[PDB]
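Listing of model.cif; format and content: mmCIF, N, CA and C atoms and all ligand atoms.
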data_work
#
loop_
_atom_site.label_atom_id
_atom_site.label_comp_id
_atom_site.auth_asym_id
_atom_site.auth_seq_id
_atom_site.Cartn_x
_atom_site.Cartn_y
_atom_site.Cartn_z
N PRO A 1 57.52 28.14 -40.09
CA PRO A 1 57.60 29.49 -39.51
C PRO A 1 58.40 30.45 -40.39
N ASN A 2 58.01 31.73 -40.39
CA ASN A 2 58.76 32.76 -41.10
C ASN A 2 58.81 34.00 -40.19
N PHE A 3 59.72 33.96 -39.21
CA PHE A 3 59.99 35.14 -38.39
C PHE A 3 60.61 36.28 -39.19
N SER A 4 61.12 36.02 -40.40
CA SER A 4 61.78 37.07 -41.16
C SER A 4 60.84 38.24 -41.39
N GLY A 5 61.39 39.44 -41.30
CA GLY A 5 60.60 40.64 -41.52
C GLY A 5 61.20 41.83 -40.81
N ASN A 6 60.56 42.97 -41.03
CA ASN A 6 60.89 44.22 -40.35
C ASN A 6 59.74 44.54 -39.40
N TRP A 7 60.02 44.50 -38.10
CA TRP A 7 58.99 44.51 -37.08
C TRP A 7 59.05 45.83 -36.32
N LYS A 8 57.89 46.44 -36.12
CA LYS A 8 57.81 47.69 -35.37
C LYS A 8 56.92 47.49 -34.15
N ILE A 9 57.36 48.04 -33.02
CA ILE A 9 56.65 47.78 -31.77
C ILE A 9 55.33 48.54 -31.74
N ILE A 10 54.28 47.87 -31.27
CA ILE A 10 52.99 48.53 -31.04
C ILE A 10 52.60 48.55 -29.58
N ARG A 11 53.18 47.70 -28.74
CA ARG A 11 52.77 47.63 -27.36
C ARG A 11 53.93 47.10 -26.54
N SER A 12 54.12 47.66 -25.34
CA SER A 12 55.19 47.24 -24.46
C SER A 12 54.67 47.32 -23.03
N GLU A 13 54.75 46.20 -22.30
CA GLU A 13 54.16 46.10 -20.98
C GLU A 13 55.17 45.58 -19.97
N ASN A 14 55.20 46.23 -18.80
CA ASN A 14 55.99 45.79 -17.65
C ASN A 14 57.49 45.95 -17.86
N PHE A 15 57.91 46.80 -18.80
CA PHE A 15 59.33 46.97 -19.03
C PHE A 15 59.99 47.69 -17.87
N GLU A 16 59.33 48.71 -17.30
CA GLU A 16 59.95 49.42 -16.19
C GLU A 16 60.20 48.47 -15.02
N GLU A 17 59.24 47.59 -14.73
CA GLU A 17 59.40 46.70 -13.59
C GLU A 17 60.50 45.69 -13.84
N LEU A 18 60.67 45.25 -15.09
CA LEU A 18 61.82 44.42 -15.44
C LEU A 18 63.13 45.15 -15.13
N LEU A 19 63.25 46.40 -15.58
CA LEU A 19 64.48 47.15 -15.35
C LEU A 19 64.73 47.37 -13.87
N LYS A 20 63.66 47.51 -13.10
CA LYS A 20 63.78 47.68 -11.65
C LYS A 20 64.43 46.47 -11.01
N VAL A 21 63.92 45.27 -11.32
CA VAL A 21 64.50 44.04 -10.78
C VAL A 21 65.98 43.95 -11.11
N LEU A 22 66.36 44.40 -12.31
CA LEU A 22 67.76 44.41 -12.72
C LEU A 22 68.57 45.55 -12.12
N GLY A 23 67.97 46.40 -11.29
CA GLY A 23 68.73 47.40 -10.56
C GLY A 23 68.92 48.75 -11.21
N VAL A 24 68.19 49.05 -12.29
CA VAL A 24 68.28 50.38 -12.90
C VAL A 24 67.51 51.38 -12.04
N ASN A 25 68.11 52.54 -11.78
CA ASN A 25 67.45 53.56 -10.99
C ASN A 25 66.35 54.25 -11.82
N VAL A 26 65.47 54.96 -11.12
CA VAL A 26 64.17 55.35 -11.68
C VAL A 26 64.32 56.29 -12.88
N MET A 27 65.18 57.31 -12.78
CA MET A 27 65.24 58.27 -13.89
C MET A 27 65.68 57.58 -15.18
N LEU A 28 66.67 56.69 -15.10
CA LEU A 28 67.07 55.95 -16.29
C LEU A 28 66.00 54.95 -16.71
N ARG A 29 65.25 54.38 -15.76
CA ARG A 29 64.16 53.49 -16.14
C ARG A 29 63.15 54.21 -17.02
N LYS A 30 62.79 55.44 -16.64
CA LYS A 30 61.82 56.19 -17.44
C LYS A 30 62.39 56.49 -18.81
N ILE A 31 63.66 56.88 -18.86
CA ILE A 31 64.30 57.21 -20.13
C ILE A 31 64.37 55.98 -21.02
N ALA A 32 64.64 54.81 -20.42
CA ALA A 32 64.67 53.57 -21.18
C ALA A 32 63.28 53.19 -21.68
N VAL A 33 62.25 53.35 -20.85
CA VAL A 33 60.90 53.04 -21.29
C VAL A 33 60.53 53.89 -22.50
N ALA A 34 60.98 55.15 -22.52
CA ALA A 34 60.64 56.01 -23.64
C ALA A 34 61.35 55.56 -24.91
N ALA A 35 62.59 55.08 -24.77
CA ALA A 35 63.31 54.55 -25.92
C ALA A 35 62.64 53.29 -26.46
N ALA A 36 62.06 52.47 -25.57
CA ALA A 36 61.39 51.25 -26.00
C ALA A 36 60.19 51.53 -26.89
N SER A 37 59.65 52.74 -26.87
CA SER A 37 58.52 53.08 -27.73
C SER A 37 58.93 53.25 -29.18
N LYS A 38 60.23 53.39 -29.46
CA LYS A 38 60.74 53.70 -30.78
C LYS A 38 61.67 52.59 -31.27
N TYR A 39 61.38 51.35 -30.89
CA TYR A 39 62.36 50.30 -31.09
C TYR A 39 61.84 49.26 -32.08
N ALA A 40 62.78 48.77 -32.89
CA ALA A 40 62.48 48.01 -34.09
C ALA A 40 63.33 46.74 -34.10
N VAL A 41 62.78 45.68 -34.68
CA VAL A 41 63.47 44.40 -34.76
C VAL A 41 63.46 43.95 -36.21
N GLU A 42 64.63 43.66 -36.75
CA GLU A 42 64.75 43.10 -38.08
C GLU A 42 65.22 41.67 -37.93
N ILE A 43 64.50 40.73 -38.55
CA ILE A 43 64.83 39.31 -38.43
C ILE A 43 65.04 38.72 -39.82
N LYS A 44 66.09 37.92 -39.97
CA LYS A 44 66.24 37.06 -41.13
C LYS A 44 66.40 35.64 -40.62
N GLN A 45 65.44 34.78 -40.95
CA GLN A 45 65.46 33.39 -40.54
C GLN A 45 65.67 32.51 -41.76
N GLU A 46 66.66 31.63 -41.69
CA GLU A 46 66.87 30.58 -42.69
C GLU A 46 66.94 29.25 -41.95
N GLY A 47 65.87 28.47 -42.02
CA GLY A 47 65.87 27.21 -41.29
C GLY A 47 65.87 27.50 -39.80
N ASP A 48 66.82 26.93 -39.06
CA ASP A 48 66.89 27.27 -37.64
C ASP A 48 68.05 28.21 -37.33
N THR A 49 68.54 28.94 -38.34
CA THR A 49 69.53 30.00 -38.18
C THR A 49 68.86 31.38 -38.20
N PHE A 50 69.16 32.21 -37.21
CA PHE A 50 68.51 33.51 -37.05
C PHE A 50 69.55 34.62 -37.02
N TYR A 51 69.26 35.70 -37.74
CA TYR A 51 69.96 36.97 -37.57
C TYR A 51 68.94 37.98 -37.08
N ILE A 52 69.22 38.61 -35.94
CA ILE A 52 68.27 39.56 -35.37
C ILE A 52 69.02 40.86 -35.11
N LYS A 53 68.46 41.96 -35.61
CA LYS A 53 69.00 43.29 -35.37
C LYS A 53 67.97 44.07 -34.56
N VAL A 54 68.36 44.48 -33.37
CA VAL A 54 67.55 45.27 -32.46
C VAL A 54 68.06 46.69 -32.50
N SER A 55 67.18 47.66 -32.76
CA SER A 55 67.64 49.03 -32.85
C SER A 55 66.65 49.97 -32.18
N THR A 56 67.19 51.04 -31.62
CA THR A 56 66.45 52.18 -31.10
C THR A 56 66.89 53.42 -31.88
N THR A 57 66.52 54.59 -31.37
CA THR A 57 66.91 55.82 -32.06
C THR A 57 68.43 55.97 -32.14
N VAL A 58 69.16 55.58 -31.10
CA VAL A 58 70.59 55.86 -31.08
C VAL A 58 71.47 54.62 -30.99
N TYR A 59 70.89 53.42 -30.92
CA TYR A 59 71.68 52.22 -30.66
C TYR A 59 71.19 51.08 -31.53
N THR A 60 72.12 50.24 -31.98
CA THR A 60 71.73 49.06 -32.74
C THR A 60 72.61 47.88 -32.33
N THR A 61 72.02 46.69 -32.28
CA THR A 61 72.81 45.54 -31.88
C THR A 61 72.33 44.32 -32.66
N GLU A 62 73.25 43.39 -32.88
CA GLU A 62 72.98 42.22 -33.71
C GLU A 62 73.12 40.97 -32.87
N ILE A 63 72.16 40.06 -33.01
CA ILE A 63 72.14 38.77 -32.34
C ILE A 63 72.11 37.72 -33.44
N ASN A 64 73.03 36.77 -33.39
CA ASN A 64 73.13 35.70 -34.38
C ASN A 64 73.15 34.37 -33.64
N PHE A 65 72.29 33.44 -34.04
CA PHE A 65 72.30 32.15 -33.37
C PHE A 65 71.69 31.10 -34.28
N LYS A 66 71.93 29.85 -33.91
CA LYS A 66 71.24 28.72 -34.50
C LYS A 66 70.59 27.98 -33.35
N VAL A 67 69.35 27.53 -33.56
CA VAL A 67 68.61 26.89 -32.48
C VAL A 67 69.40 25.68 -32.00
N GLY A 68 69.52 25.54 -30.69
CA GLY A 68 70.23 24.43 -30.09
C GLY A 68 71.73 24.59 -29.98
N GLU A 69 72.29 25.71 -30.43
CA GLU A 69 73.73 25.94 -30.35
C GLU A 69 74.00 27.13 -29.44
N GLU A 70 74.81 26.91 -28.41
CA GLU A 70 75.17 27.98 -27.49
C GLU A 70 75.78 29.17 -28.23
N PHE A 71 75.49 30.37 -27.75
CA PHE A 71 76.11 31.57 -28.29
C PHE A 71 76.25 32.56 -27.16
N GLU A 72 76.88 33.69 -27.45
CA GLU A 72 77.08 34.74 -26.46
C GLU A 72 76.36 36.00 -26.91
N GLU A 73 75.61 36.60 -25.99
CA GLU A 73 74.98 37.91 -26.17
C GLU A 73 75.07 38.67 -24.85
N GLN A 74 74.13 39.58 -24.60
CA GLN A 74 74.06 40.31 -23.35
C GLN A 74 72.65 40.23 -22.79
N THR A 75 72.55 40.33 -21.47
CA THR A 75 71.26 40.46 -20.82
C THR A 75 70.65 41.83 -21.13
N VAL A 76 69.40 42.01 -20.68
CA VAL A 76 68.65 43.24 -20.95
C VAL A 76 69.34 44.44 -20.31
N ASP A 77 69.85 44.27 -19.10
CA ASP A 77 70.60 45.34 -18.45
C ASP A 77 72.07 45.32 -18.84
N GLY A 78 72.44 44.56 -19.87
CA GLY A 78 73.70 44.73 -20.55
C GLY A 78 74.85 43.85 -20.12
N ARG A 79 74.61 42.83 -19.28
CA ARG A 79 75.73 41.99 -18.89
C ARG A 79 75.89 40.82 -19.86
N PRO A 80 77.12 40.43 -20.17
CA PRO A 80 77.33 39.34 -21.13
C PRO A 80 76.86 38.00 -20.58
N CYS A 81 76.36 37.15 -21.47
CA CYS A 81 75.82 35.87 -21.06
C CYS A 81 76.04 34.84 -22.15
N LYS A 82 75.95 33.57 -21.75
CA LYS A 82 75.82 32.46 -22.70
C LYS A 82 74.34 32.14 -22.84
N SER A 83 73.90 31.96 -24.08
CA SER A 83 72.49 31.80 -24.37
C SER A 83 72.29 30.52 -25.16
N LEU A 84 71.09 29.94 -25.05
CA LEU A 84 70.72 28.73 -25.78
C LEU A 84 69.23 28.81 -26.09
N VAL A 85 68.89 28.79 -27.38
CA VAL A 85 67.52 28.90 -27.85
C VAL A 85 67.02 27.49 -28.18
N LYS A 86 65.79 27.19 -27.78
CA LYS A 86 65.11 25.96 -28.16
C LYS A 86 63.70 26.29 -28.60
N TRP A 87 63.16 25.46 -29.49
CA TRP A 87 61.76 25.60 -29.88
C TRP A 87 60.85 25.11 -28.76
N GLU A 88 59.73 25.80 -28.57
CA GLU A 88 58.67 25.36 -27.66
C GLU A 88 57.47 24.81 -28.40
N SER A 89 57.34 25.14 -29.67
CA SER A 89 56.21 24.80 -30.52
C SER A 89 56.59 25.23 -31.93
N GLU A 90 55.64 25.14 -32.87
CA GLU A 90 55.97 25.47 -34.25
C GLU A 90 56.48 26.90 -34.37
N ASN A 91 55.88 27.83 -33.62
CA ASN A 91 56.15 29.24 -33.85
C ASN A 91 56.58 29.98 -32.58
N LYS A 92 57.13 29.29 -31.59
CA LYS A 92 57.60 29.95 -30.39
C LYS A 92 58.94 29.36 -29.98
N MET A 93 59.88 30.22 -29.64
CA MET A 93 61.19 29.81 -29.19
C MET A 93 61.48 30.44 -27.83
N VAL A 94 62.34 29.79 -27.06
CA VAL A 94 62.69 30.25 -25.72
C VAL A 94 64.21 30.24 -25.57
N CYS A 95 64.74 31.29 -24.96
CA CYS A 95 66.17 31.45 -24.73
C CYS A 95 66.47 31.47 -23.24
N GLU A 96 67.35 30.59 -22.79
CA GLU A 96 67.84 30.62 -21.42
C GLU A 96 69.23 31.23 -21.41
N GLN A 97 69.47 32.15 -20.47
CA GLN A 97 70.74 32.85 -20.38
C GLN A 97 71.45 32.51 -19.08
N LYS A 98 72.79 32.48 -19.15
CA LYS A 98 73.65 32.28 -17.99
C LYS A 98 74.75 33.32 -18.01
N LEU A 99 74.88 34.07 -16.92
CA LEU A 99 75.94 35.07 -16.81
C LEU A 99 77.31 34.42 -16.90
N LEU A 100 78.25 35.11 -17.57
CA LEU A 100 79.63 34.62 -17.56
C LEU A 100 80.36 35.00 -16.29
N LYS A 101 80.18 36.24 -15.83
CA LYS A 101 80.78 36.71 -14.59
C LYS A 101 79.68 37.04 -13.60
N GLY A 102 79.88 36.63 -12.36
CA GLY A 102 79.05 37.11 -11.27
C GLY A 102 77.70 36.45 -11.18
N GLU A 103 76.84 37.07 -10.38
CA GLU A 103 75.48 36.61 -10.15
C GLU A 103 74.49 37.69 -10.55
N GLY A 104 73.21 37.33 -10.51
CA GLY A 104 72.14 38.21 -10.89
C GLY A 104 70.85 37.43 -11.00
N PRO A 105 69.77 38.10 -11.39
CA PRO A 105 68.50 37.39 -11.54
C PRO A 105 68.57 36.44 -12.73
N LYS A 106 67.71 35.43 -12.69
CA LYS A 106 67.61 34.48 -13.80
C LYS A 106 66.85 35.15 -14.93
N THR A 107 67.48 35.26 -16.09
CA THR A 107 66.89 35.96 -17.23
C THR A 107 66.69 35.00 -18.39
N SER A 108 65.74 35.37 -19.24
CA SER A 108 65.37 34.58 -20.40
C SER A 108 64.56 35.47 -21.33
N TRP A 109 64.36 35.01 -22.55
CA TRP A 109 63.46 35.68 -23.48
C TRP A 109 62.79 34.64 -24.36
N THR A 110 61.70 35.05 -25.00
CA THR A 110 60.96 34.22 -25.93
C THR A 110 60.53 35.07 -27.11
N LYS A 111 60.35 34.42 -28.25
CA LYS A 111 59.77 35.04 -29.43
C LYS A 111 58.67 34.13 -29.96
N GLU A 112 57.56 34.72 -30.37
CA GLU A 112 56.45 33.93 -30.88
C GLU A 112 55.82 34.64 -32.07
N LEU A 113 55.50 33.88 -33.11
CA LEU A 113 54.68 34.37 -34.21
C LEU A 113 53.25 33.92 -33.95
N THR A 114 52.34 34.87 -33.82
CA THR A 114 50.95 34.53 -33.58
C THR A 114 50.25 34.24 -34.90
N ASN A 115 49.07 33.63 -34.79
CA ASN A 115 48.25 33.38 -35.98
C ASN A 115 47.72 34.66 -36.61
N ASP A 116 47.79 35.79 -35.91
CA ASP A 116 47.31 37.07 -36.41
C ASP A 116 48.39 37.89 -37.08
N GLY A 117 49.58 37.34 -37.29
CA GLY A 117 50.66 38.09 -37.90
C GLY A 117 51.41 39.01 -36.97
N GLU A 118 51.27 38.84 -35.66
CA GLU A 118 52.03 39.61 -34.69
C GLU A 118 53.26 38.83 -34.25
N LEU A 119 54.28 39.56 -33.82
CA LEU A 119 55.43 38.98 -33.14
C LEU A 119 55.34 39.40 -31.68
N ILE A 120 55.36 38.42 -30.79
CA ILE A 120 55.35 38.68 -29.36
C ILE A 120 56.71 38.28 -28.81
N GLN A 121 57.39 39.22 -28.19
CA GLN A 121 58.63 38.95 -27.47
C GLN A 121 58.38 39.15 -25.98
N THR A 122 58.91 38.25 -25.17
CA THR A 122 58.90 38.45 -23.73
C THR A 122 60.34 38.43 -23.24
N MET A 123 60.61 39.19 -22.20
CA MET A 123 61.88 39.14 -21.50
C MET A 123 61.56 38.99 -20.02
N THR A 124 62.29 38.10 -19.35
CA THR A 124 61.98 37.75 -17.98
C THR A 124 63.21 37.95 -17.11
N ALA A 125 62.98 38.47 -15.90
CA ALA A 125 63.96 38.49 -14.82
C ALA A 125 63.24 37.97 -13.59
N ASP A 126 63.63 36.78 -13.13
CA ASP A 126 62.95 36.11 -12.03
C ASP A 126 61.45 36.04 -12.25
N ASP A 127 60.70 36.78 -11.44
CA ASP A 127 59.24 36.72 -11.41
C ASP A 127 58.57 37.69 -12.38
N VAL A 128 59.30 38.67 -12.93
CA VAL A 128 58.70 39.74 -13.71
C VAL A 128 58.90 39.46 -15.19
N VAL A 129 57.81 39.54 -15.95
CA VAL A 129 57.82 39.28 -17.38
C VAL A 129 57.41 40.56 -18.09
N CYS A 130 58.26 41.02 -19.00
CA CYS A 130 57.91 42.10 -19.91
C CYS A 130 57.40 41.48 -21.21
N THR A 131 56.29 42.00 -21.73
CA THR A 131 55.73 41.53 -22.98
C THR A 131 55.72 42.67 -23.99
N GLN A 132 56.26 42.41 -25.18
CA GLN A 132 56.31 43.42 -26.23
C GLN A 132 55.74 42.83 -27.51
N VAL A 133 54.92 43.62 -28.19
CA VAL A 133 54.17 43.17 -29.36
C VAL A 133 54.55 44.01 -30.57
N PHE A 134 54.80 43.34 -31.70
CA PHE A 134 55.24 43.97 -32.92
C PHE A 134 54.35 43.55 -34.09
N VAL A 135 54.31 44.40 -35.11
CA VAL A 135 53.69 44.07 -36.38
C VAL A 135 54.69 44.37 -37.49
N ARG A 136 54.46 43.78 -38.65
CA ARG A 136 55.36 44.01 -39.77
C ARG A 136 55.20 45.43 -40.29
N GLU A 137 56.31 46.07 -40.61
CA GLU A 137 56.28 47.44 -41.11
C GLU A 137 55.54 47.53 -42.44
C1 LIG B 1 64.70 38.12 -29.87
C2 LIG B 1 64.79 39.46 -29.36
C3 LIG B 1 65.69 39.97 -28.49
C4 LIG B 1 66.81 39.17 -27.89
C5 LIG B 1 65.54 41.35 -28.08
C6 LIG B 1 66.19 41.97 -27.12
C7 LIG B 1 65.91 43.33 -26.78
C8 LIG B 1 66.52 44.11 -25.87
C9 LIG B 1 67.70 43.66 -25.06
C10 LIG B 1 66.04 45.44 -25.69
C11 LIG B 1 66.53 46.33 -24.89
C12 LIG B 1 66.15 47.70 -24.61
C13 LIG B 1 66.86 48.39 -23.71
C14 LIG B 1 67.84 47.76 -22.76
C15 LIG B 1 66.57 49.82 -23.36
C16 LIG B 1 65.22 50.31 -23.85
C17 LIG B 1 64.96 49.87 -25.28
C18 LIG B 1 65.13 48.37 -25.56
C19 LIG B 1 63.74 47.72 -25.41
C20 LIG B 1 65.57 48.25 -27.02
#
Just give me the structure of the file as structure tokens.
Amino acid sequence: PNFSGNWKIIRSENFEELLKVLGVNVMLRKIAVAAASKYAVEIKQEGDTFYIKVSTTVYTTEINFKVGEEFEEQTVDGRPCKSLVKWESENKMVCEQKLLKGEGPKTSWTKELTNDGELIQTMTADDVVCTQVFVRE
């Protein structure tokens, strides 16, 4: 697998409904959906070590992990969590998250490299799955 690259979003589905389950009110949900249209992912993969930079027009954040090793990041609605990534297949990984403080919906994400050169990311809160599709810049 070579997830490394500069990825630009081409399609984003069910993001508003994800934010709804996480308790974001409607006006901010719409504003967030609009930001998701301009959002980019930079990945550097070496073996099973990943550096991921997620950026929008005004915000950037870095995620660093090695597959199978616990790390700390934040949920989609911004709460800190402990995360653990495992492979599901040659080109798909899955992340399970656990809140450090409090309760909330069960969240997770996945990344997949398709045979067509697309990157598919999903983010889940309970029953609702957001699917986002990227191509290399
Ligand atoms: C492997 C990829 C990961 C962990 C990507 C995570 C992406 C996000 C947490 C994106 C969040 C967004 C917002 C909370 C507001 C709207 C724009 C997004 C999609 C960048």
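CA of residue 62 (chain A) lies 9.4 Å from CA of residue 42 (chain A).
Each of A:100, A:32, A:111, A:75 was compared to residue 16 (chain A) using only N, CA and C atoms, and A:32 turns out to be the nearest.
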Could you give me, as number ranges by chain, every polymer residue with an atom at most 6 Å away from an atom of ligand LIG 1 (chain B), counting only C-alpha atoms and all ligand atoms?
A: 32-33, 35-36, 39, 56, 76-77, 111
What would the file look like if the residues just selected were written as a JSON list (two decimals), in the coordinates of the input with N, CA and C atoms?
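Contents of the output file result_14.json:
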[["chain", "number", "residue", "atom", "x", "y", "z"],
["A", 32, "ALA", "N", 64.64, 54.81, -20.42],
["A", 32, "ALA", "CA", 64.67, 53.57, -21.18],
["A", 32, "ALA", "C", 63.28, 53.19, -21.68],
["A", 33, "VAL", "N", 62.25, 53.35, -20.85],
["A", 33, "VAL", "CA", 60.90, 53.04, -21.29],
["A", 33, "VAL", "C", 60.53, 53.89, -22.50],
["A", 35, "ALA", "N", 62.59, 55.08, -24.77],
["A", 35, "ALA", "CA", 63.31, 54.55, -25.92],
["A", 35, "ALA", "C", 62.64, 53.29, -26.46],
["A", 36, "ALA", "N", 62.06, 52.47, -25.57],
["A", 36, "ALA", "CA", 61.39, 51.25, -26.00],
["A", 36, "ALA", "C", 60.19, 51.53, -26.89],
["A", 39, "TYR", "N", 61.38, 51.35, -30.89],
["A", 39, "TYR", "CA", 62.36, 50.30, -31.09],
["A", 39, "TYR", "C", 61.84, 49.26, -32.08],
["A", 56, "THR", "N", 67.19, 51.04, -31.62],
["A", 56, "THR", "CA", 66.45, 52.18, -31.10],
["A", 56, "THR", "C", 66.89, 53.42, -31.88],
["A", 76, "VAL", "N", 69.40, 42.01, -20.68],
["A", 76, "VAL", "CA", 68.65, 43.24, -20.95],
["A", 76, "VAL", "C", 69.34, 44.44, -20.31],
["A", 77, "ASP", "N", 69.85, 44.27, -19.10],
["A", 77, "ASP", "CA", 70.60, 45.34, -18.45],
["A", 77, "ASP", "C", 72.07, 45.32, -18.84],
["A", 111, "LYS", "N", 60.35, 34.42, -28.25],
["A", 111, "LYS", "CA", 59.77, 35.04, -29.43],
["A", 111, "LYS", "C", 58.67, 34.13, -29.96]]
Give me, as a count of residues only, all polymer residues having an atom no more than 7 Å from residue 67 (chain A), counting only N, CA and C atoms and skipping those fewer than 6 positions away in the same chain.
7
Per-residue DSSP, region 15-80 of chain A, filtered to strand (DSSP E), as a ChimeraX atom specification
/A:40-46,49-55,60-66,71-74,80
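Put simply, atom N of residue 40 (chain A) is 14.2 Å away from CA of residue 118 (chain A).
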Put a box with edges along x, y and z around all the listed atoms of region 114-120 of chain A, pad it by 4 Å on each side, then give me its centre and sizes in Å, one decimal, as JSON.
{"center_x": 52.0, "center_y": 36.5, "center_z": -33.4, "size_x": 17.4, "size_y": 14.2, "size_z": 17.1}
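Pairwise distance (CA of residue 66 (chain A), CA of residue 43 (chain A)) equals 13.0 Å.
Proximity ranking of A:23, A:1, A:102, A:80 relative to residue 115 (chain A) places A:1 first, based on only C-alpha atoms.
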Of the candidates A:41, A:19, A:125, A:24, which one gets nearest to residue 5 (chain A) if we count all atoms listed in the file?
A:41
Any idea what's packed within 12 Å of residue 10 (chain A), counting only C-alpha atoms, ignoring anything in its chain fewer than 4 positions away? Could you give it as a compact mmCIF listing (two decimals) with N, CA and C atoms, in the coordinates of the input?
# COMPACT_ATOMS: atom_id res chain seq x y z
N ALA A 36 62.06 52.47 -25.57
CA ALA A 36 61.39 51.25 -26.00
C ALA A 36 60.19 51.53 -26.89
N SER A 37 59.65 52.74 -26.87
CA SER A 37 58.52 53.08 -27.73
C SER A 37 58.93 53.25 -29.18
N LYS A 38 60.23 53.39 -29.46
CA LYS A 38 60.74 53.70 -30.78
C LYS A 38 61.67 52.59 -31.27
N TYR A 39 61.38 51.35 -30.89
CA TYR A 39 62.36 50.30 -31.09
C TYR A 39 61.84 49.26 -32.08
N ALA A 40 62.78 48.77 -32.89
CA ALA A 40 62.48 48.01 -34.09
C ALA A 40 63.33 46.74 -34.10
N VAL A 41 62.78 45.68 -34.68
CA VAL A 41 63.47 44.40 -34.76
C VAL A 41 63.46 43.95 -36.21
N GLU A 118 51.27 38.84 -35.66
CA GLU A 118 52.03 39.61 -34.69
C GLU A 118 53.26 38.83 -34.25
N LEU A 119 54.28 39.56 -33.82
CA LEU A 119 55.43 38.98 -33.14
C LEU A 119 55.34 39.40 -31.68
N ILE A 120 55.36 38.42 -30.79
CA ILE A 120 55.35 38.68 -29.36
C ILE A 120 56.71 38.28 -28.81
N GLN A 121 57.39 39.22 -28.19
CA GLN A 121 58.63 38.95 -27.47
C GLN A 121 58.38 39.15 -25.98
N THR A 131 56.29 42.00 -21.73
CA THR A 131 55.73 41.53 -22.98
C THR A 131 55.72 42.67 -23.99
N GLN A 132 56.26 42.41 -25.18
CA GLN A 132 56.31 43.42 -26.23
C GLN A 132 55.74 42.83 -27.51
N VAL A 133 54.92 43.62 -28.19
CA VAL A 133 54.17 43.17 -29.36
C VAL A 133 54.55 44.01 -30.57
N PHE A 134 54.80 43.34 -31.70
CA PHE A 134 55.24 43.97 -32.92
C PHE A 134 54.35 43.55 -34.09
N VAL A 135 54.31 44.40 -35.11
CA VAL A 135 53.69 44.07 -36.38
C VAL A 135 54.69 44.37 -37.49
N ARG A 136 54.46 43.78 -38.65
CA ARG A 136 55.36 44.01 -39.77
C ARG A 136 55.20 45.43 -40.29
N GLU A 137 56.31 46.07 -40.61
CA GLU A 137 56.28 47.44 -41.11
C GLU A 137 55.54 47.53 -42.44
